[PDB]
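See below for the structure under consideration.
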Amino acid sequence: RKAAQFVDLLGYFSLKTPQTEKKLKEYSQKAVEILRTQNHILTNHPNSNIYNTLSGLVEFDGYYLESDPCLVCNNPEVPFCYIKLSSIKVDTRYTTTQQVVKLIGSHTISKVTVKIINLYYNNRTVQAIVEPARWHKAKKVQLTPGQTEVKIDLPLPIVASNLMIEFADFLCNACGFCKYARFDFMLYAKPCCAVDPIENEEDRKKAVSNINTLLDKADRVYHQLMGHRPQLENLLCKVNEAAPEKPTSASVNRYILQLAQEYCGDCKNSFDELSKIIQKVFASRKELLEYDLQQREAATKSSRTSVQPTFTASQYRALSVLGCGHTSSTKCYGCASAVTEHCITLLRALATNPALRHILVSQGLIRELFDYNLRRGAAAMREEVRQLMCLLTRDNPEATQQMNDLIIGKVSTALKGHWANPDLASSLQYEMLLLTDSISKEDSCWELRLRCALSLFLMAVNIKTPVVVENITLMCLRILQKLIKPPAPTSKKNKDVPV
Amino acid sequence: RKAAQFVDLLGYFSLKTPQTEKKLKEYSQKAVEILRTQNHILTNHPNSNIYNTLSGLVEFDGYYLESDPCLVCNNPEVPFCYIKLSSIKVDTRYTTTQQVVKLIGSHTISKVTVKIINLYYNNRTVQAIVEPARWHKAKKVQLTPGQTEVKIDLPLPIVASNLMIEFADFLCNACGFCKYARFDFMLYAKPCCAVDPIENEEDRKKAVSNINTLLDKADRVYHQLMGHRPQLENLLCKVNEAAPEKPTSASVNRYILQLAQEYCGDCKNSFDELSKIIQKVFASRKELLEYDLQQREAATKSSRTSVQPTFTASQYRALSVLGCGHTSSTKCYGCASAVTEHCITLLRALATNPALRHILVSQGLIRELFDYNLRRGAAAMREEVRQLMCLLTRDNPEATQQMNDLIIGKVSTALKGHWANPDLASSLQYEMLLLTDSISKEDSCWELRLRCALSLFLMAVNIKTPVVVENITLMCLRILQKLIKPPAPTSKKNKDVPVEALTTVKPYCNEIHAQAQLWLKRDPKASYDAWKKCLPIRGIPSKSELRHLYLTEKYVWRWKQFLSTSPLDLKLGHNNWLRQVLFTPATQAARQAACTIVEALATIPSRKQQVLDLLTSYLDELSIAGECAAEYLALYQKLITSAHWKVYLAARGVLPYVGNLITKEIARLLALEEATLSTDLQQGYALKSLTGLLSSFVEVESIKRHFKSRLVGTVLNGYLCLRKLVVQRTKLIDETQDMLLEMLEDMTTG
Amino acid sequence: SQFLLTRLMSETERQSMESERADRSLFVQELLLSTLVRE
Amino acid sequence: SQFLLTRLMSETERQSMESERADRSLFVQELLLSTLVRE
Ligand SMILES: [Zn+2]
Ligand SMILES: [Zn+2]
């Protein structure tokens with residue numbers, strides 16, 4: 001989902017630059033191939049059935065049944081917030097002119113507002129507050145006398161776990177009570193997942209042991225999370241039968257309530273814990289790798305015969321830990337869904353060029369959109385896919401005929417066995433919606449669309465079943481009514497005269 | 001629903017009475033015609049869509065969207081309850097020896113218990129309690145002196161609205177307080193819907209006005225109730241789309257919550273209010289009609305010329321108001337459903353007669369049941385219909401073939417377009433359940449059912465979509481597993497022997513006589529009986545005799561081959577459906593079922609050798625399908641628990657195979673570690689499994705003594721490469737390192 | 001419990017049925033092996 | 001709102017379009033009446 005701006009610019013540039021037809025063909029082929037591969041990935045995915053059936057019953061944010069956690073989906077953009085210091089305060093010590101505070105964890109502070117100084121910080125976790133060389137200065141500030149509120153700004157946000165405040169120029173050593181003034185502290189911060197730094201060998205051993213412990217805990221939680229899947233299958237199968245049960249929030253089917261509890265209650269909690277542990281493991285690994293790299297470079301620099309290997313600017317970023325945590329998992333459902341959304345948006349932008357439209361319809365895009373993306377995704381994406389399918393047939397009689405053939409064939413096949421299964425007549429809403437959308441836009445191929453609508457109407461006007469009347473005949477009647485009574489004219493000379 | 005006992009008796013009498021075949025045909029035609037008419041009514045009902053959609057989402061008792069309220073459905077059997085007189089008390093008055101009480105409404109009282117007497121009652125509503133001619137005596141009870149509890153038992157329940165208690169033989173006229181004793185009252189009563197009786201003309205006029213007011217109120221409530229239908233259908237349309245929405249009882253789809261609130265919250269209340277008003281109207285109408293008939297009869301009896309027309313006993317019941325409130329409405333969903341249930345029960349009882357079964361299947365009952373009643377109704381009735389459909393085909397090859405054709409056609413048609421719509425694959429559960437039920441009941445037509453199951457299995461075994469694997473391949477695998485591993489014997493002579501020792505024929509060592517390709521095409525030369533005729537029966541010695549058996553077998557086999565159908569050779573192909581099924585990540589149950597299947601396929605050593613050969617060929621799939629192989633390994637390690645199989649596998653050269661696989665995926669681990677920093681929670685599973693397998697191969701002494709000189713290099717190279725790992729390290733890699741070091745130290749002691 | 005319609009085997013036939021079960025199991029084993037044969 | 005791809009008629013053509021809409025309406029009326037003629 002990070003690539004919205006890229007595909008936006010790509011579609012715009014392809015639309016604005018006039019280019020030869022071979023390049024247009026290559027671009028269309030690339031886009032359609034990506035769309036096809038993502039569709040194939042989505043349909044055969046092991047969790048495809050569970051998510052597809054759960055989408056229409058419960059409301060959930062993410063996909064929590066994934067074997068390999070995806071870093072892209074696990075680290076959304078959390079914003080900075082105003083936090084009072086006492087809310088996260090755990091241990092404190094006051095001395096004659098200094099104050100030392102320990103937080104609950106590691107925080108990314110941006111600016112500090114003090115209401116009625118020298119600021120030090122460090123990111124080493126200690127258990128005793130009593131426990132000048134292990135502090136880092138942040139900002140030195142001078143105050144005009146009589147100032148009441150001072151907003152110290154840190155140009156670079158600091159990742160700190162312990163803070164210290166010193167009064168260089170003008171408190172109780174037991175309780176910290178001050179008679180001159182009262183100070184209150186606010187932070188422009190957010191929680192951060194980072195570990196203590198490594199400076200020697202014993203710290204390296206400590207880091208290795210902590211990483212092993214975290215991996216063990218992650219494995220246990222992962223097995224707990226993967227143990228929920230058979231229960232979800234059993235409940236899904238029980239829901240699919242839809243047998244009536246005899247007994248207003250508790251009047252819903254008990255199986256649907258159990259499904260909601262099993263997914264949005266426990267799978268979500270296990271997924272959140274697993275994500276936290278994975279982030280901690282990743283941070284620790286990054287710290288360990290950075291220390292190892294520094295040690296190796298220091299060891300190599302001591303030798304004299306060997307020359308230091310020069311790196312270009314891109315090579316440094318590739319080698320270093322800068323480009324390490326921006327890759328999505330391979331078999332990720334959410335990322336594949338996002339890529340399909342980007343493909344639809346790019347293709348909608350591309351189809352506004354008639355030559356590209358002809359090339360796209362020659363690739364075979366209409367059938368791929370019909371079979372796969374009509375019923376998959378959120379409501380907005382489905383409407384967008386209908387819009388793209390309508391646009392691809394704007395002035396192409398062959399494309400309109402092909403789409404009409406697809407719609408008519410599906411409706412006829414469903415209606416053949418409607419007597420024995422109502423879902424056949426209840427699973428045509430997207431085909432009829434497509435027909436409505438295509439007809440509602442005026443073009444030069446209105447006759448073929450009207451023929452399709454009228455043929456479907458006369459084929460299903462004599463069926464007394466209510467589901468056919470509500471799902472087939474009503475839509476065709478609305479299409480015919482719209483065509484019979486056109487909107488009132490807006491031209492000035494025809495503002496009064498009737499149709 | 002009142003006609004359960006009638007259809008029970010009807011079925012029993014029809015079954016026990018011996019009767020000619022013409023009467024059997026008439027009875028079957030009657031039952032099937034009623035069933036067909038009810039099915040037609042159900043599928044075309046105006047509210048059928050709404051109820052069918054709501055049944056799978058909410059839990060509702062009745063059908064509250066009916067234009068004509070049904071007397072049978074809104075008049076259930078309300079039982080008597082024990083009620084305090086104070087709880088229904090509204091107005092009271094007391095005098096020296098009488099007490100007068102008014103209730104909130106009319107009650108049907110049956111027994112009155114007093115815990116520490118003359119009882120009067122009436123059913124005339126008054127506003128003032130103060131307001132001997134307007135009371136009816138009910139029961140006179142005398143008390144033994146010093147008694148504390150009395151039970152006035154009314155032989156006939158009384159419908160009363162006001163009560164009176166008078167102490168005929170042995171109270172404050174302002175407050176009612178009595179110092180001699182204090183009395184408490186119990187009633188064995190229940191609410192009733194009744195009106196004041198009509199005795200003169202002005203009472204009749206008041207009754208007419210009251211009925212008009214009630215009709216007006218009922219019309220208003222009915223219009224309010226009917227106004228909910230467009231909103232219900234709008235919410236149904238919005239639910240059917242099933243578009244995902246983003247935000248544990250509150251996490252359900254908001255449209256489903258709104259549907260539950262709209263149906264079970266407001267429609268139910270309006271239906272109950274309408275039912276109450278309809279009952280009041282019916283009571284008032286009955287009272288007015290009875291009064292009018294009585295007045296007319298009194299007027300007619302005054303004349304002398306006209307003689308009173310005698311009525312027989314049945315005619316009196318027909319004419320009087322007695323036969324007035326027991327008839328169901330025509331366009332009623334609930335009553336039609338009840339009639340369908342009764343038809344299914346009666347047909348199930350009837351089908352136990354073979355001649356009736358044949359006539360029923362000749363009427364065309366199987367297709368009607370398949371099309372209509374498989375998926376409609378409660379779960380109990382659905383299982384009942386599946387049982388009846390299985391029973392109708394108990395020993396009839398034609399009926400079994402017809403049912404199989406329906407099932408196969410439906411599954412194939414759904415599977416054709418499954419790629420473009422998963423709902424098709426999700427709506428075969430009842431067809432597959434029917435196939436399962438039909439197979440699980442042993443009969444003489446088992447071969448046809450097995451053919452249907454196997455055809456469906458082989459058609460849909462190679463589809464990778466999880467919905468097909470969960471909904472088609474899994475059911476067929478379970479059927480196959482039930483057929484392969486039959487239940488343990490219970491007879492005394494076979495209480496110990498296994499199922500392998502019970503067969504009456506002995507399969508040939510190196511040949512397979514069953515031929516599935518011709519069997520699936522209904523070739524009579526490849527049938528089950530033909531196959532059984534081809535095998536030698538299990539028989540119930542000197543060196544000369546052993547030699548004679550050897551040459552007789554050899555040259556008889558040569559003679560048969562010279563004559564030649566040709567039996568297949570036991571050479572298993574290395575690419576089949578088995579590899580696809582054994583490692584499918586869609587569902588674990590499919591893998592477990594396949595593992596049991598192939599475990600049972602390996603009993604005689606001739607088949608065991610080939611099964612182990614194929615499973616060994618499947619070894620390279622551990623890396624691709626890391627945890628999904630957990631079942632397959634658990635089978636493989638179970639099949640080589642004996643030493644000689646390990647030695648045979650070593651003699652075929654699997655140790656270099658396993659070593660090469662370990663080395664290759666260790667190289668992959670090193671390459672991944674050098675490049676990326678991502679975390680894999682299944683890393684080292686394939687390594688751990690393969691190294692454990694190598695350890696199991698090595699522990700036995702002969703292979704350890706022989707194969708050490710070729711494996712030390714791979715072992716030490718792997719150990720050093722794993723030791724080089726510093727960041728992409730998990731617990732499993734640590735265990736692999738330990739076990740590899742143990743193998744390295746054990747190898748180098750000679 | 002009062003419904004009449006809700007209330008609707010020797011040892012020799014028992015061993016016969018067990019032997020038939022064994023024969024059917026063997027036939028299904030052979031028929032499933034026949035589909036794995038190399039082409 | 002910063003997305004470029006989101007931001008992707010005279011009077012004579014308007015009268016022409018209105019007349020064409022009326023003509024199509026008349027054609028559809030004739031077509032619908034043609035299916036109600038007695039056979
Ligand atoms: Zn992802
Ligand atoms: Zn009814």
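Residues in the structure tokens are numbered from 1 in each chain, the chains being A, B, ... in the order shown, and ligands are numbered from 1 in the order shown.
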
Nearby polymer residues, ligand 2, at most 10 Å, only C-alpha atoms and all ligand atoms, as a PyMOL selection string = chain B and resi 1+62-63+66+68-75+327-338

Could you write out that same residue set with N, CA and C atoms as a CSV table (one decimal), in the first residue's frame?
chain,number,residue,atom,x,y,z
B,1,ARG,N,-49.8,-28.0,12.5
B,1,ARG,CA,-48.9,-28.8,13.4
B,1,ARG,C,-49.7,-29.6,14.4
B,62,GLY,N,-41.3,-17.3,14.8
B,62,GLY,CA,-42.5,-17.3,13.9
B,62,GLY,C,-42.2,-16.5,12.6
B,63,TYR,N,-43.2,-16.4,11.8
B,63,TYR,CA,-43.2,-15.7,10.6
B,63,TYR,C,-44.1,-14.5,10.7
B,66,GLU,N,-47.1,-11.8,7.7
B,66,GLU,CA,-48.2,-12.4,7.1
B,66,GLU,C,-49.4,-11.5,7.1
B,68,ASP,N,-52.7,-12.3,6.4
B,68,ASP,CA,-53.8,-13.0,7.1
B,68,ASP,C,-53.2,-13.7,8.3
B,69,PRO,N,-53.5,-13.2,9.5
B,69,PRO,CA,-53.0,-13.9,10.7
B,69,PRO,C,-53.7,-15.3,10.8
B,70,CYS,N,-52.9,-16.3,11.2
B,70,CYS,CA,-53.3,-17.7,11.3
B,70,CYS,C,-53.7,-18.1,12.7
B,71,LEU,N,-54.9,-18.6,12.8
B,71,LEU,CA,-55.4,-18.9,14.2
B,71,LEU,C,-54.6,-20.1,14.8
B,72,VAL,N,-54.2,-21.0,13.9
B,72,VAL,CA,-53.5,-22.2,14.4
B,72,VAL,C,-52.1,-21.8,15.0
B,73,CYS,N,-51.5,-20.8,14.4
B,73,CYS,CA,-50.1,-20.4,14.7
B,73,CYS,C,-50.1,-19.4,15.9
B,74,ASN,N,-51.1,-18.5,16.0
B,74,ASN,CA,-51.1,-17.5,17.1
B,74,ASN,C,-51.8,-18.0,18.4
B,75,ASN,N,-52.3,-19.2,18.4
B,75,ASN,CA,-53.0,-19.8,19.5
B,75,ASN,C,-52.3,-21.1,20.0
B,327,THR,N,-59.3,-23.5,12.3
B,327,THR,CA,-58.9,-23.6,10.9
B,327,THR,C,-57.8,-22.7,10.6
B,328,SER,N,-56.8,-23.2,9.8
B,328,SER,CA,-55.7,-22.4,9.4
B,328,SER,C,-55.9,-21.5,8.2
B,329,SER,N,-55.2,-20.5,8.1
B,329,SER,CA,-55.3,-19.6,6.9
B,329,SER,C,-54.7,-20.2,5.7
B,330,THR,N,-55.2,-19.8,4.5
B,330,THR,CA,-54.7,-20.4,3.2
B,330,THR,C,-53.3,-20.0,2.9
B,331,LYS,N,-53.0,-18.7,2.9
B,331,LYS,CA,-51.6,-18.3,2.5
B,331,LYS,C,-50.8,-18.1,3.8
B,332,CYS,N,-50.5,-19.3,4.4
B,332,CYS,CA,-49.7,-19.3,5.6
B,332,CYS,C,-48.5,-20.1,5.4
B,333,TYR,N,-47.3,-19.5,5.7
B,333,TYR,CA,-46.0,-20.1,5.5
B,333,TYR,C,-45.8,-21.2,6.6
B,334,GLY,N,-46.1,-20.9,7.8
B,334,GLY,CA,-45.8,-21.9,8.9
B,334,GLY,C,-46.6,-23.2,8.7
B,335,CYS,N,-47.9,-23.1,8.4
B,335,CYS,CA,-48.8,-24.2,8.3
B,335,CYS,C,-48.3,-25.1,7.1
B,336,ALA,N,-48.0,-24.5,6.0
B,336,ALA,CA,-47.5,-25.2,4.8
B,336,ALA,C,-46.2,-25.9,5.2
B,337,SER,N,-45.3,-25.3,5.9
B,337,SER,CA,-44.1,-26.0,6.4
B,337,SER,C,-44.4,-27.2,7.3
B,338,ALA,N,-45.4,-27.0,8.1
B,338,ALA,CA,-45.8,-28.1,9.0
B,338,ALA,C,-46.4,-29.3,8.2

Pull the helix (DSSP H, G or I) assignments for chain C out of DSSP run on the backbone, and list those residues as a ChimeraX atom specification.
-> /C:5-7,12-34

Near region 10-13 of chain C, counting only C-alpha atoms, which residues have an atom at most 7 Å away, once you skip same-chain residues fewer than 3 positions from it, shown as a list in words?
->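 The neighbour list is residues 491 of chain B; 16 and 17 of chain C.
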
Could you write out the selected residues, including N, CA and C atoms, as an mmCIF file, in the first residue's frame?
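Now in selection39.cif:
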data_model
loop_
_atom_site.group_PDB
_atom_site.id
_atom_site.type_symbol
_atom_site.label_atom_id
_atom_site.label_comp_id
_atom_site.auth_asym_id
_atom_site.auth_seq_id
_atom_site.Cartn_x
_atom_site.Cartn_y
_atom_site.Cartn_z
ATOM 1 N N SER B 491 -17.642 -60.258 16.245
ATOM 2 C CA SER B 491 -17.986 -61.656 16.459
ATOM 3 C C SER B 491 -16.956 -62.327 17.359
ATOM 4 N N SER C 16 -20.383 -63.603 7.965
ATOM 5 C CA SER C 16 -20.517 -63.362 6.531
ATOM 6 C C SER C 16 -20.309 -61.888 6.200
ATOM 7 N N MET C 17 -20.916 -61.000 6.989
ATOM 8 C CA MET C 17 -20.779 -59.569 6.756
ATOM 9 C C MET C 17 -19.350 -59.100 6.989
#

Using only C-alpha atoms and all ligand atoms, find each residue with an atom at most 9 Å away from ligand 1 and format the answer as a list in words.
-> residues 1, 69, 70, 71, 72, 73, 74, 327, 328, 329, 330, 331, 332, 333, 334, 335, 336 and 338 of chain A

Please measure the separation of CA of residue 257 (chain A) and CA of residue 58 (chain A), giving the value in Å to one decimal.
-> 8.9 Å

Can you check which parts of chain B lie within 8 Å of chain A? Per residue, the shortest pair of atoms and distance in Å to one decimal, counting only C-alpha atoms, sorted by chain and number, as a Markdown table.
| residue | atom | partner | partner_atom | distance |
| --- | --- | --- | --- | --- |
| B:43 | CA | A:465 | CA | 7.0 |
| B:44 | CA | A:465 | CA | 5.0 |
| B:45 | CA | A:466 | CA | 7.4 |
| B:46 | CA | A:466 | CA | 6.0 |
| B:47 | CA | A:466 | CA | 7.9 |
| B:48 | CA | A:466 | CA | 7.3 |
| B:49 | CA | A:467 | CA | 6.0 |
| B:55 | CA | A:244 | CA | 4.8 |
| B:56 | CA | A:242 | CA | 4.0 |
| B:57 | CA | A:253 | CA | 5.5 |
| B:58 | CA | A:252 | CA | 4.3 |
| B:59 | CA | A:246 | CA | 5.5 |
| B:60 | CA | A:246 | CA | 5.8 |
| B:61 | CA | A:246 | CA | 5.6 |
| B:239 | CA | A:56 | CA | 7.8 |
| B:240 | CA | A:426 | CA | 7.6 |
| B:241 | CA | A:429 | CA | 7.5 |
| B:242 | CA | A:56 | CA | 4.1 |
| B:243 | CA | A:379 | CA | 5.3 |
| B:244 | CA | A:55 | CA | 4.7 |
| B:245 | CA | A:59 | CA | 5.5 |
| B:246 | CA | A:59 | CA | 5.4 |
| B:247 | CA | A:59 | CA | 5.8 |
| B:248 | CA | A:261 | CA | 5.4 |
| B:249 | CA | A:257 | CA | 6.5 |
| B:251 | CA | A:59 | CA | 5.5 |
| B:252 | CA | A:58 | CA | 4.3 |
| B:253 | CA | A:58 | CA | 4.9 |
| B:256 | CA | A:57 | CA | 7.8 |
| B:257 | CA | A:249 | CA | 6.7 |
| B:260 | CA | A:252 | CA | 6.3 |
| B:261 | CA | A:248 | CA | 5.6 |
| B:264 | CA | A:248 | CA | 6.7 |
| B:265 | CA | A:248 | CA | 6.3 |
| B:371 | CA | A:420 | CA | 4.6 |
| B:372 | CA | A:420 | CA | 6.0 |
| B:377 | CA | A:244 | CA | 7.1 |
| B:378 | CA | A:244 | CA | 5.3 |
| B:379 | CA | A:243 | CA | 5.4 |
| B:419 | CA | A:371 | CA | 7.5 |
| B:420 | CA | A:371 | CA | 4.5 |
| B:421 | CA | A:371 | CA | 7.6 |
| B:426 | CA | A:240 | CA | 7.6 |
| B:429 | CA | A:241 | CA | 7.6 |
| B:464 | CA | A:44 | CA | 6.4 |
| B:465 | CA | A:44 | CA | 4.9 |
| B:466 | CA | A:46 | CA | 6.0 |
| B:467 | CA | A:49 | CA | 6.1 |
| B:585 | CA | A:46 | CA | 6.2 |
| B:586 | CA | A:46 | CA | 4.9 |
| B:676 | CA | A:324 | CA | 7.3 |
| B:677 | CA | A:324 | CA | 6.6 |
| B:678 | CA | A:282 | CA | 7.8 |
| B:679 | CA | A:278 | CA | 7.8 |
| B:680 | CA | A:68 | CA | 6.3 |
| B:681 | CA | A:219 | CA | 6.6 |
| B:727 | CA | A:285 | CA | 6.9 |
| B:730 | CA | A:215 | CA | 6.9 |
| B:731 | CA | A:216 | CA | 7.4 |

Could you jot down the CA of residue 505 (chain B) to CA of residue 28 (chain C) separation for me, Å, one decimal place?
-> 13.8 Å

Assign secondary structure with DSSP using the backbone only, and return the residues of region 132-203 of chain A in strand (DSSP E or B) as a VMD selection string.
-> chain A and resid 136 to 140 149 to 166 184 to 189 191

Please indicate the distance in Å from CA of residue 482 (chain B) to CA of residue 520 (chain B), rounded to one decimal place.
->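 Pair CA of residue 482 (chain B) / CA of residue 520 (chain B) returns 20.0 Å.
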
Define the interface residues of chain D facing chain A as those within 8 Å, counting only C-alpha atoms, and report them as JSON, numbers by chain.
-> {"D": [3, 4, 5, 8, 11, 14, 15, 18, 21, 22, 24, 25, 26, 28, 29]}

Could you name the residues that touch residue 36 (chain C) at 7 Å or less, counting only C-alpha atoms, but leaving out those on the same chain fewer than 4 positions away, as an MDAnalysis selection string?
-> chainID B and resid 572:573 576

Would you save the residues of that selection, restricted to N, CA and C atoms, as a PDB file, in the first residue's frame?
ATOM      1  N   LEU B 572       4.785 -48.373  -9.644  1.00  0.00           N
ATOM      2  CA  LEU B 572       4.094 -47.134  -9.316  1.00  0.00           C
ATOM      3  C   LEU B 572       4.777 -45.931  -9.951  1.00  0.00           C
ATOM      4  N   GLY B 573       3.975 -45.074 -10.576  1.00  0.00           N
ATOM      5  CA  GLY B 573       4.513 -43.878 -11.197  1.00  0.00           C
ATOM      6  C   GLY B 573       4.915 -42.848 -10.160  1.00  0.00           C
ATOM      7  N   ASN B 576       1.747 -38.449  -9.528  1.00  0.00           N
ATOM      8  CA  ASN B 576       0.333 -38.790  -9.475  1.00  0.00           C
ATOM      9  C   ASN B 576      -0.406 -37.702  -8.716  1.00  0.00           C
TER      10      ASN B 576
END

For chain C, which residues have at least one atom within 6 Å of chain B, if we go by only C-alpha atoms? Write them as a list in words, please.
->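 Selected residues: residues 19, 22, 23, 25, 30, 31, 34, 36, 37 and 38 of chain C.
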
Selection: 9 Å around residue 406 (chain B), only C-alpha atoms, excl. self and same-chain fewer than 4 positions, as a list in words =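 Final neighbour list, sorted by chain and number: residues 367, 370, 401, 402, 410, 411 and 431 of chain B.
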